[PDB]
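Same chain, two versions here, written out as structure tokens and called structure 1 and structure 2.
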Structure 1
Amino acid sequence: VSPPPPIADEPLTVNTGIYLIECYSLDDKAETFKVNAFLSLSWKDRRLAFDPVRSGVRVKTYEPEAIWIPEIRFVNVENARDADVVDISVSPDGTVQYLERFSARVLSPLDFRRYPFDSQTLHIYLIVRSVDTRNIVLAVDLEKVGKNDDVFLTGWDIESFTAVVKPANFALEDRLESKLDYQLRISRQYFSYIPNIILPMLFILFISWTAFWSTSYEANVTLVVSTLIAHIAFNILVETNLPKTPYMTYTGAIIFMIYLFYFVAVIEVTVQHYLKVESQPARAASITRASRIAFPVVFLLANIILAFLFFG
């Protein structure tokens, strides 16, 4: 049809709101995730105003191809949403109630610095492009911004779903455009990692540390190298989760520290054997008895320092 006449030469205000129904398929590698929710638009148009007393009907329904509908689009989506118009009602005063259901794929960056214990914010952007005849600005209606109680996501705890009412009215392509932001804060469940990744790793490391209570060179070599192979296999198991990041994560630092500890243990075993062969048993005994105590204290101190750096 056409934009409404400027009765007061004012920018047009539309009220929005998204009622989440379900979210799923949070792909961490591609940083994409899908939604399925509602969309309520409530603008005002005086050209559609009628008299309810004469007509005798409280609200009379028009056709989507019979009226004008402002274009509402998402920024960070691979393809356009699948719009399923559900209801349209026109109030006698002029306000038009609109509703629709859609599903789309959304792109949002993710931070994996504190991989086991991290909280992510998922952003959904709503943008309307002003036409030359009339200016249209966005708004947020708090009575429709919510989520369904059946919204479930595997491995995450949904905490809140709020929208920032302040729009960023920038200018792109010589046109003024508004933008709304919807934030969905989530938190990862870290229960299934303590008995799956952390504790077996510590058990293997402690098993490898038993070589300081022995004097047989072959047994020590077997212990240390076979535990190193087991460490590599467990890293193979763990590697199916971590994406590629340009910074240093917690898990990568821990794994590198474990590799360093294995190298130092091999060096110590070789030094002990070499001193024992060269007819200096007392020095080797002192070195191994001091290594026994020095290894785990240093391991605990390094873990404490890494935790104090990454988490504060």
Structure 2
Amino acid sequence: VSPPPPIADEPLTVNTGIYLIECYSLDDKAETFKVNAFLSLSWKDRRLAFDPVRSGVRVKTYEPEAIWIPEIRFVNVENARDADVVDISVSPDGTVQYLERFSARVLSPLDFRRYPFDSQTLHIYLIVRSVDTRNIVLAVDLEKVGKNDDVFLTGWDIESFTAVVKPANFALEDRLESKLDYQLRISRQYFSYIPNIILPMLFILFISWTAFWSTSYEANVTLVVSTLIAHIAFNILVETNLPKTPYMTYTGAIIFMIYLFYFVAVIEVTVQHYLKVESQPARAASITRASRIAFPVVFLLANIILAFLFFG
């Protein structure tokens, strides 16, 4: 088949719409995610009507090798999509309707700062090949684009799914400047993360801090060092689900602060024991009474400062 011939130099407008079905496999190390969805195409096909007789008002059904199907390519994909044509129904007026299912892998960038309370935005880009009959300009219709409201992407909630028109902005472009940008906004559910991670760390830190009400040097050493070992083990456990991040993060800053606090506690215990051995009990008592109030207040202030710095 051949593309429709021009009529009055009117640009060929193709209305594109993506209907989401399933979103899954949000890989973080590879920064990829697999998507399975539909695709709706509807282009003007005047001067090439298919039996427009009023007595033949029945919807015309055709095959892929019957008329010119426009060629649309995805930019940020690893390979060509698996096209699965479902139905091709065209009204006798001339408007063609096309539906298919595809499952491709999309390359989109992900930022994991503000990890426990982050929001992501996925992008899908579409490019239509040029033709020798008349330039084709992509248009977005708000009726076909949408989602089934049953996306099984666990751990995230979908806020919106829109599409706009943007220039190609490619150094190798010649005439194509009508790419499409589909934006999907998701938000992470952070309810379980608090009891899963934050509270046990605070409990271990408080258990370590309980050494300021004691005097036995051996008991204090055992408490502090064993709590440090427990903290290291819990960090090893936490690192299993956390993705590899080659930049600073809120959780990493918190962990570093906890390490610093453990070091300061060790120093304080050593100083207290040294003073007690050197037989200056008044200074040791004053230091150990001051630390009980000094540590929690400084910890809270540092946490507030870090939260303000990382969340505006």
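Structure 1 provides the reference sequence; residues are numbered from 1 along it. In this text, rigid core is short for the largest set of C-alphas that superpose within 1.5 Å between two forms.
Summarising the superposition on the core between structures 1 and 2, the listed residues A285, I67, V264, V277 contain exactly one with a Cα shift of 2 Å or larger, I67. Relative to the superposed rigid core, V90 undergoes a CA displacement of at least 2 Å between structures 1 and 2. Relative to the superposed core, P11 shifts its CA atom by 2 Å or more between structures 1 and 2. Residue displacement note: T222 has its CA displaced by under 2 Å between structures 1 and 2 (rigid core superposed). In the core-superposed comparison between structures 1 and 2, the CA atom of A49 travels 2.3 Å. Overlaying the rigid core between structures 1 and 2 leaves the Cα of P246 displaced by 4.2 angstrom.
After superposition on the rigid core, the Cα atom of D141 is displaced by 1.1 Å between structures 1 and 2.
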